[PDB]
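S.K.:
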Ligand SMILES: O=c1nc2n(C[C@@H](O)[C@H](O)[C@H](O)CO)cc(CO)nc-2c(=O)[nH]1
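Next comes the structure, spelled out in structure tokens:
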């Protein structure tokens, strides 16, 4: 079952109208929408106590909601604002309290509202081969991936060995830093590590590829810096 | 089960108001008419025994005849009557498979406060001190919670018939609340009823549910595995409720703490009548006395009846060189009136 | 009205940590603890009403209604436990009041540390050179990126 929430990423110019769709497979009566910002807890925008009634939440401003199905709760904003940039969550409870009822959250929706789309750029990805010093000492090899100069920040980074994705030996930085923190607009960078045995790296037949998914404008957007996968590859070295 | 209605006609004082008070009946479907003249009827009220009660008012009573017509499912004949200390908080839910399908009303010391019906869904104050003290944004969460509790009640009513076997008209009633004894001790209660009979009863000491029927036992096993819910129910009743109760008192300290005494009147028609008009609080004791002991055989008590001023009235009658006197105790404060010898 | 809890806490893998949550509200029905992994959707952990201790798995939660205090106690920390732990408590009315979570950063256990700094070969792909600080335990343009092996990346154009 679960709670389905779409889209998972968005970019809007101020004054744009866009709706977020939420779906609940759990046969729940209570449906919620949340807005989560750094440094402050979840703030409820609107809610449907049950089908057909919906009441304004803590911050009703800038948002309007609707219950289509019993299962579907869609969040709408007909005018985008820069102060509306946040990560928007949908959740469902079996009934409004009923005080033990836990909330079930959706995957999340990453929203970014900008005045101008001029600053939107995709990532630049590069892989850096292991140092021969590391191999000859630690008996291990470490690959470094760099993703730089992407705005706004929507990215998913993953490692792929020989065509198949790997999770072991991967440490990826939690949050992208900013190449120019001083600027209101600095782009971001992100790094990632992949560590395999010395012997495994020393084999030229092995393919290592750093994959970064970027979410840009859609095809029907007016312009690109679009949704794309920028990759970097390094073949094993002897 | 079905409970036949108990009706009594009387007046607000001895120009007057003509009161028709029908109580202890079930199902709640009933028709109350004063004779025919326009009679403003109050809201449907609930009692602790799952029954219902209603007061319809509209009567100088001079050289004329008045009466009250009542139609109910336990009556082949539309009967017409011819005139002739622990504070507590209670909340009632009434579900229906049909007047409205869902009714919710709060009571503090048997006084109506909150009202929510499923026709026009809103929470309105039944008391002046509620509307004055409570912010308008308060009532606003509770039309919202109530709309949910309404739907939730409909689902549980459908599940019950289906579970039971019937369709058509059936009633579902929920009662929750806490009460504060004069000594400071407290208690709390939660109960459900189906067709006017006790269905489920919640014990907060054992954190368990009591099923009175094989079918009510299914629901038992469902809620008991929910053990966190129960834990939540306990805290409300034990803590949250009491707080709510004490809050309304401070609000209604004016009306609840006032006292007006009865004006007793005696009459005869054989039979001797004793009526006590316009008193408050409701707690009172009336009994006939003969030289000088209290009478038992052939005595008739009329319970307590609402006057409509928020005041109340009751009566006691007895079928007959002895002296008959009427003993009333309000403030206690014993009152006696010698009727006859 | 208000609910408080630490912003960030650091603990090494395998240890036992406690997240304090203090709240003041108009009324109290239940207290909620949610785990939210970095870049995820919170999930439910534990729920408390009556005063006492609630133990589920290697996680445990406690509640004081009088003191308005509750803590989250995690025994035997693993690497997966690092996340933002959200504390929320229901009002007098049933609306939920969320406190800003406590981000838990789990320090991995290094039995045999071997701190070193290696210079990676240049990449065909970009013009920047990188250095890797690994196995351990402010120029105008020079960037550093902060962390079973600990690692950190430093590059400059
Ligand atoms: O504060 C209020 N509480 C009410 N309750 C209390 C609820 O907490 C009830 O015990 C139960 O938690 C609902 O799941 C029931 C009901 C049922 O009418 N109504 C009210 C009400 O109007 N106001």
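Protein chains in written order, with the entry's author numbering: chain B, 2 to 224, 230 to 244; chain C, 1 to 14, 20 to 40, 45 to 67, 70 to 95, 114 to 127, 132 to 302, 309 to 359, 364 to 384; chain A, 2 to 138, 147 to 156, 168 to 177.
All C-beta atoms in this analysis are idealised placements derived from N, C-alpha and C, irrespective of residue type, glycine included.
#1: Whole-angstrom Cβ separation of residue 163 (chain B) and residue 95 (chain B), contact assumed at under 8 Å?
#2: Can you tell me which of the three DSSP states residue 151 (chain B) falls into?
#3: Which one of B:124, B:134, B:207, B:242 has the shortest CA to CA distance from residue 116 (chain A)?
#4: Contact criterion: CB-CB distance below 7 Å. Does residue 175 (chain B) meet it with respect to chain A?
#5: Can you name the start and end residues of the beta strand (DSSP E) that residue 166 (chain C) belongs to?
#6: For a cutoff of 7 Å on Cβ pairs, would you count residue 97 (chain B) as touching chain C?
#7: State the start and end residues of the unbroken beta strand (DSSP E) segment that holds residue 137 (chain A).
#8: Determine the DSSP secondary structure at residue 120 (chain B), reduced to helix, strand or coil.
#9: Would you check if the distance between the CB atom of residue 114 (chain B) and the CB atom of residue 13 (chain B) is smaller than 7 Å?
#10: Closer than 6 Å: is that where the CB of residue 147 (chain C) sits relative to any heavy atom of ligand 1?
#11: Can you name, in chain order, every residue of its own chain whose Cβ lies under 6 Å from the Cβ of residue 203 (chain B), other than the five neighbours on each side?
#12: Under 7 Å, do residue 3 (chain A) and residue 19 (chain A) count as touching if we go by C-beta distance?
#13: Could you compute how far the alpha carbon of residue 280 (chain C) sits from the alpha carbon of residue 110 (chain A)?
#14: Would you call the CB atoms of residue 112 (chain B) and residue 176 (chain B) closer than 7 Å?
#15: Between residue 48 (chain A) and chain C, is the shortest Cβ-Cβ distance under 7 Å, so that the two count as touching?
#16: Name the residue from B:32, B:62, B:171 whose alpha carbon lies nearest to the alpha carbon of residue 55 (chain B).
#17: Are residue 347 (chain C) and residue 12 (chain C) closer than 7 Å when you measure CB to CB?
#18: Look at residue 151 (chain C) and residue 135 (chain C) and say whether their C-beta atoms are less than 7 Å apart.
#19: Classify residue 156 (chain C): buried if its beta carbon has 16 or more other beta carbons within 10 angstroms, exposed otherwise.
#20: Looking at the secondary structure, which residues open and close the beta strand (DSSP E) in which residue 202 (chain C) lies?
#21: Quick one: Cα of residue 145 (chain C) to Cα of residue 138 (chain C), how far?
#22: My parser needs the beta strand (DSSP E) runs of 3 or more residues fully inside the stretch 170–250 of chain C; what are they?
#23: Using the beta-carbon count (16 or more within 10 Å), is residue 190 (chain B) buried or exposed?
#24: Does the beta carbon of residue 119 (chain C) fall short of 6 Å from some heavy atom of ligand 1?
#25: Measuring straight from C-alpha to C-alpha, what distance separates residue 234 (chain B) and residue 29 (chain A)?
#26: Helix, strand or coil: how does DSSP classify residue 318 (chain C) here?
#27: Taking C-beta pairs closer than 8 Å, name the residues in chain C that residue 30 (chain B) reaches, listed in chain order.
#28: Does chain B have any CB closer than 7 Å to the CB of residue 265 (chain C)?
#29: Residue 28 (chain A) versus chain C: which residues are under 7 Å apart at the beta carbon?
#30: Below 8 Å, how does it come out for the stretch 29–43 of chain A and the stretch 80–87 of chain A: are there three or more Cβ pairs, yes or no?
#31: Closer than 7 Å, CB to CB, is residue 195 (chain C) near chain B or not?
#32: Do the stretch 143–160 of chain B and the stretch 118–132 of chain B touch if we need at least three Cβ pairs shorter than 8 Å?
#33: Where does residue 256 (chain C) sit, in a helix, a strand or coil, going by DSSP?
#34: One question on the structure: do residue 199 (chain B) and residue 126 (chain B) come within less than 7 Å of each other, judged by their Cβ atoms?
#35: So what's residue 18 (chain C) in DSSP terms, helix, strand or just coil?
#36: Give a yes or no on whether the C-beta atoms belonging to residue 321 (chain C) and residue 367 (chain C) are separated by under 7 Å.
M.R.: On the basis of the coordinates in this document:
#1: Incorrect: roughly 46 Å between the Cβ atoms, too far for contact.
#2: Strand at residue 151 (chain B).
#3: The candidate whose alpha carbon is nearest that of residue 116 (chain A) is B:134.
#4: Yes - at least one Cβ of chain A is within 7 Å of the one on residue 175 (chain B).
#5: No beta strand (DSSP E) holds residue 166 (chain C); the alpha helix (DSSP H) holding it covers 161–166.
#6: Against chain C, the CB of residue 97 (chain B) has a partner CB under 7 Å away; the residue lies at that interface.
#7: Element bounds for residue 137 (chain A): n/a, residue is neither H nor E.
#8: It is helical.
#9: Taking 7 Å as the Cβ cut-off, residue 114 (chain B) and residue 13 (chain B) qualify as a contacting pair.
#10: Taking 6 Å as the cut-off, one finds at least one heavy atom of ligand 1 near enough to the beta carbon of residue 147 (chain C).
#11: Counting only Cβ-Cβ distances below 6 Å, and skipping sequence neighbours, we find 244.
#12: No.
#13: Annotation: residue 280 (chain C) to residue 110 (chain A) spans about 55 Å, alpha carbon to alpha carbon.
#14: If you check the CB distance, residue 112 (chain B) and residue 176 (chain B) do not come in under 7 Å.
#15: The beta carbon of residue 48 (chain A) sits closer than 7 Å to some beta carbon of chain C.
#16: Residue B:32 is the option with its Cα nearest to residue 55 (chain B).
#17: Contact flag set, yes.
#18: Contact: yes.
#19: With 16 or more Cβ atoms within 10 Å of its Cβ, residue 156 (chain C) is classed as buried.
#20: Residue 202 (chain C) -> no beta strand (DSSP E), and no H or E assigned at all.
#21: Looking at the backbone, the Cα of residue 145 (chain C) and that of residue 138 (chain C) are separated by about 7 Å.
#22: Counting whole runs of 3 or more residues, the stretch 170–250 of chain C contains the beta strand (DSSP E) stretches 204–213, 219–227, 230–236, 241–244.
#23: Classification of residue 190 (chain B): buried, given that the 10 Å Cβ count is 16 or more.
#24: It does not: the Cβ of residue 119 (chain C) is nowhere closer than 6 Å to a heavy atom of ligand 1.
#25: Residue 234 (chain B) and residue 29 (chain A): Cα-Cα distance of roughly 49 Å.
#26: Looking at residue 318 (chain C) - three-state DSSP - the assignment turns out to be strand.
#27: Near residue 30 (chain B) (Cβ distances below 8 Å), the residues of chain C are 181, 184, 185.
#28: So, interface residue.
#29: By Cβ distance, chain C contributes 273, 276.
#30: Segments in contact, yes.
#31: Between residue 195 (chain C) and chain B, the shortest Cβ-Cβ separation is not below 7 Å.
#32: A contact exists between the stretch 143–160 of chain B and the stretch 118–132 of chain B.
#33: Here residue 256 (chain C) sits in helix by DSSP.
#34: No, these two residues do not count as a Cβ contact at 7 Å.
#35: Structure remark: chain C lacks residues between 14 and 20, so residue 18 (chain C) is without coordinates.
#36: No, the Cβ-Cβ distance between residue 321 (chain C) and residue 367 (chain C) is not below 7 Å.
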